Amino acid sequence: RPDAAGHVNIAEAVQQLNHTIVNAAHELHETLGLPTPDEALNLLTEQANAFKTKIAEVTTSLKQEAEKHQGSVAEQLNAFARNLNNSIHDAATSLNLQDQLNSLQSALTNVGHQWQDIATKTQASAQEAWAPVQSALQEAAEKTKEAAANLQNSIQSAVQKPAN
């Protein structure tokens, strides 16, 4: 199909970021074995703490658009943006030697699942639906993606450093 009829664009566009977060999310469990089944949390926690606050800056970019005019329709999306601050607030806080990796994959994936919600609304409106979010999501997907690159970079750089 040609881009799925044509209304599909944000779900397909954001999908490019999903390939990144899913990679680092799976690498987090792979790096956990590199050092030990406990101390490894330090490598993930140190990196996850940067991505946790980084989303706070990216999520604000979405609600920031509602402080000019989008706020009318954005009001429903404002509930989706705040959910990210709640997911990151408790993404790297549970350090019970299991919540770090479990919360990281659920946290990094949370932004991917939450974006899927609005990515679908474009199918309903199509013309105006993406217009206001295109600037907030396109500018947030690039900033959140940059955080995933540096995040996986440590996990991939720490696992490749020793190599067997």
# chains A, B, ... in the order shown; residues from 1 in each chain; ligands from 1
call {"tool": "residues_around", "arguments": {"residues": "residue 103 in chain A", "least_positions_apart": "6", "cutoff": "12 Å", "atoms": "only C-alpha atoms", "output": "CSV table (one decimal) with C-alpha atoms, in the first residue's frame"}}
result
chain,number,residue,atom,x,y,z
A,25,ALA,CA,15.8,-1.5,25.8
A,28,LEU,CA,19.9,-3.0,28.7
A,29,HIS,CA,19.3,-6.7,29.7
A,41,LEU,CA,22.3,-1.5,37.6
A,44,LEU,CA,21.9,1.3,33.3
A,45,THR,CA,21.0,3.7,36.2
A,48,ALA,CA,18.8,6.0,32.4
A,49,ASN,CA,19.0,9.0,34.7
A,52,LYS,CA,14.6,10.1,32.4
A,87,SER,CA,6.4,7.3,33.6
A,88,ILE,CA,9.9,9.0,33.8
A,89,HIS,CA,9.3,10.1,37.4
A,90,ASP,CA,9.3,6.4,38.4
A,91,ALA,CA,11.4,5.0,35.5
A,92,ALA,CA,14.8,4.8,37.2
A,93,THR,CA,13.7,5.2,40.8
A,94,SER,CA,13.0,1.6,41.7
A,95,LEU,CA,16.4,0.0,42.3
A,96,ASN,CA,15.3,-3.5,43.6
A,97,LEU,CA,17.8,-5.2,41.2
A,109,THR,CA,8.6,1.9,25.4
A,110,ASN,CA,6.0,4.1,27.3
call {"tool": "residues_around", "arguments": {"residues": "range 19-24 of chain A", "least_positions_apart": "4", "cutoff": "12 Å", "atoms": "only C-alpha atoms", "output": "PyMOL selection string"}}
result
chain A and resi 12-15+28-31+44+47-48+51+101+104-113+141-142+144-157+159
call {"tool": "write_last_selection", "arguments": {"atoms": "N, CA and C atoms", "output": "compact mmCIF listing (two decimals), in the first residue's frame"}}
result
# COMPACT_ATOMS: atom_id res chain seq x y z
N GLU A 12 3.80 6.03 11.23
CA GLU A 12 4.92 5.48 10.41
C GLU A 12 6.18 6.31 10.67
N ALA A 13 6.02 7.61 10.83
CA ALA A 13 7.20 8.48 11.09
C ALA A 13 7.77 8.17 12.48
N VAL A 14 6.94 8.19 13.48
CA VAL A 14 7.42 7.89 14.87
C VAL A 14 7.97 6.46 14.92
N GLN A 15 7.43 5.58 14.12
CA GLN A 15 7.91 4.16 14.10
C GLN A 15 9.44 4.11 13.94
N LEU A 28 19.82 -3.23 27.26
CA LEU A 28 19.92 -3.04 28.75
C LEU A 28 20.02 -4.41 29.45
N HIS A 29 19.22 -5.35 29.03
CA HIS A 29 19.25 -6.71 29.66
C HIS A 29 20.53 -7.43 29.22
N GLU A 30 21.00 -7.15 28.03
CA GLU A 30 22.23 -7.82 27.53
C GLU A 30 23.46 -7.28 28.28
N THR A 31 23.44 -6.01 28.62
CA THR A 31 24.60 -5.42 29.35
C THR A 31 24.55 -5.87 30.81
N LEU A 44 23.28 0.99 33.85
CA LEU A 44 21.94 1.35 33.31
C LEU A 44 21.38 2.56 34.05
N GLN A 47 23.00 5.85 32.97
CA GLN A 47 22.52 6.26 31.61
C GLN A 47 21.02 6.56 31.65
N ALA A 48 20.26 5.75 32.34
CA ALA A 48 18.78 5.96 32.41
C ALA A 48 18.45 7.29 33.09
N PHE A 51 18.30 9.93 30.38
CA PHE A 51 17.12 9.79 29.49
C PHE A 51 15.84 10.11 30.27
N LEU A 101 15.96 -2.49 34.85
CA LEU A 101 15.81 -2.97 33.44
C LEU A 101 14.32 -3.05 33.08
N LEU A 104 13.05 0.42 32.71
CA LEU A 104 13.68 1.09 31.53
C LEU A 104 12.95 0.67 30.26
N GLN A 105 12.79 -0.61 30.05
CA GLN A 105 12.09 -1.10 28.83
C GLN A 105 10.64 -0.59 28.83
N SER A 106 10.02 -0.56 29.98
CA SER A 106 8.61 -0.07 30.06
C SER A 106 8.59 1.46 29.93
N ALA A 107 9.62 2.11 30.41
CA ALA A 107 9.68 3.59 30.33
C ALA A 107 10.01 4.01 28.90
N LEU A 108 11.08 3.49 28.35
CA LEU A 108 11.47 3.84 26.95
C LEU A 108 10.34 3.45 26.00
N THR A 109 9.68 2.35 26.28
CA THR A 109 8.55 1.90 25.42
C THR A 109 7.32 2.77 25.69
N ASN A 110 7.17 3.25 26.90
CA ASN A 110 5.99 4.10 27.25
C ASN A 110 5.88 5.27 26.27
N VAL A 111 6.97 5.94 26.00
CA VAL A 111 6.92 7.10 25.06
C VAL A 111 6.55 6.59 23.66
N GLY A 112 6.93 5.38 23.34
CA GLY A 112 6.60 4.82 22.00
C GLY A 112 5.12 4.44 21.95
N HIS A 113 4.60 3.91 23.03
CA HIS A 113 3.16 3.51 23.05
C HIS A 113 2.29 4.76 23.17
N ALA A 141 10.44 13.97 18.80
CA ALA A 141 10.96 12.64 18.36
C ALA A 141 12.46 12.75 18.07
N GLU A 142 12.89 13.89 17.59
CA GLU A 142 14.34 14.08 17.28
C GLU A 142 15.13 14.28 18.58
N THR A 144 14.13 13.23 21.69
CA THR A 144 14.04 11.97 22.47
C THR A 144 14.90 10.90 21.79
N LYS A 145 14.99 10.96 20.49
CA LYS A 145 15.81 9.96 19.74
C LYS A 145 17.28 10.22 20.07
N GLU A 146 17.67 11.46 20.15
CA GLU A 146 19.09 11.79 20.48
C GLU A 146 19.42 11.24 21.87
N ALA A 147 18.45 11.21 22.75
CA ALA A 147 18.68 10.68 24.12
C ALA A 147 18.80 9.16 24.05
N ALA A 148 18.09 8.55 23.14
CA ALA A 148 18.16 7.06 23.00
C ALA A 148 19.51 6.68 22.40
N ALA A 149 20.02 7.48 21.50
CA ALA A 149 21.34 7.18 20.88
C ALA A 149 22.43 7.17 21.96
N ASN A 150 22.48 8.21 22.76
CA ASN A 150 23.51 8.27 23.84
C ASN A 150 23.21 7.19 24.88
N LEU A 151 21.96 6.87 25.08
CA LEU A 151 21.59 5.82 26.07
C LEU A 151 22.11 4.47 25.59
N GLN A 152 21.72 4.06 24.42
CA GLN A 152 22.19 2.76 23.87
C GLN A 152 23.71 2.81 23.67
N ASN A 153 24.23 3.97 23.37
CA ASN A 153 25.71 4.11 23.15
C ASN A 153 26.48 3.55 24.35
N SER A 154 26.07 3.88 25.55
CA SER A 154 26.78 3.36 26.76
C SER A 154 26.57 1.85 26.85
N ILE A 155 25.35 1.41 26.74
CA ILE A 155 25.06 -0.06 26.81
C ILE A 155 25.81 -0.79 25.69
N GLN A 156 25.80 -0.25 24.50
CA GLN A 156 26.50 -0.90 23.36
C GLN A 156 28.01 -0.69 23.50
N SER A 157 28.42 0.43 24.03
CA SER A 157 29.88 0.71 24.20
C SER A 157 30.43 -0.10 25.37
N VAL A 159 29.20 -3.05 26.39
CA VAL A 159 29.19 -4.49 26.00
C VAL A 159 30.29 -4.76 24.96
call {"tool": "select_by_dssp", "arguments": {"residues": "chain A", "states": "helix (DSSP H, G or I)", "output": "PyMOL selection string"}}
result
chain A and resi 10-33+41-65+71-89+99-125+130-160
call {"tool": "atom_distance", "arguments": {"atom1": "CA of residue 82 in chain A", "atom2": "CA of residue 143 in chain A"}}
result
17.2 Å
call {"tool": "residues_around", "arguments": {"residues": "residue 59 in chain A", "least_positions_apart": "2", "cutoff": "9 Å", "atoms": "only C-alpha atoms", "output": "ChimeraX atom specification"}}
result
/A:54-57,61-64,81-82,84-85,136,140,144
call {"tool": "closest_residue", "arguments": {"among": "A:10, A:34, A:26, A:18", "to": "residue 164 in chain A", "atoms": "only C-alpha atoms"}}
result
A:34
call {"tool": "residues_around", "arguments": {"residues": "residue 121 in chain A", "least_positions_apart": "2", "cutoff": "10 Å", "atoms": "only C-alpha atoms", "output": "list in words"}}
result
residues 7, 8, 10, 11, 116, 117, 118, 119, 123, 124, 125, 126, 129 and 130 of chain A
call {"tool": "closest_residue", "arguments": {"among": "A:122, A:73, A:162, A:65", "to": "residue 135 in chain A", "atoms": "only C-alpha atoms"}}
result
A:65
call {"tool": "closest_residue", "arguments": {"among": "A:35, A:132, A:50, A:1", "to": "residue 68 in chain A", "atoms": "only C-alpha atoms"}}
result
A:132
call {"tool": "atom_distance", "arguments": {"atom1": "CA of residue 72 in chain A", "atom2": "CA of residue 53 in chain A"}}
result
27.1 Å
call {"tool": "closest_residue", "arguments": {"among": "A:114, A:100, A:76, A:83", "to": "residue 137 in chain A", "atoms": "only C-alpha atoms"}}
result
A:114
call {"tool": "closest_residue", "arguments": {"among": "A:66, A:77, A:71, A:99", "to": "residue 38 in chain A", "atoms": "only C-alpha atoms"}}
result
A:99
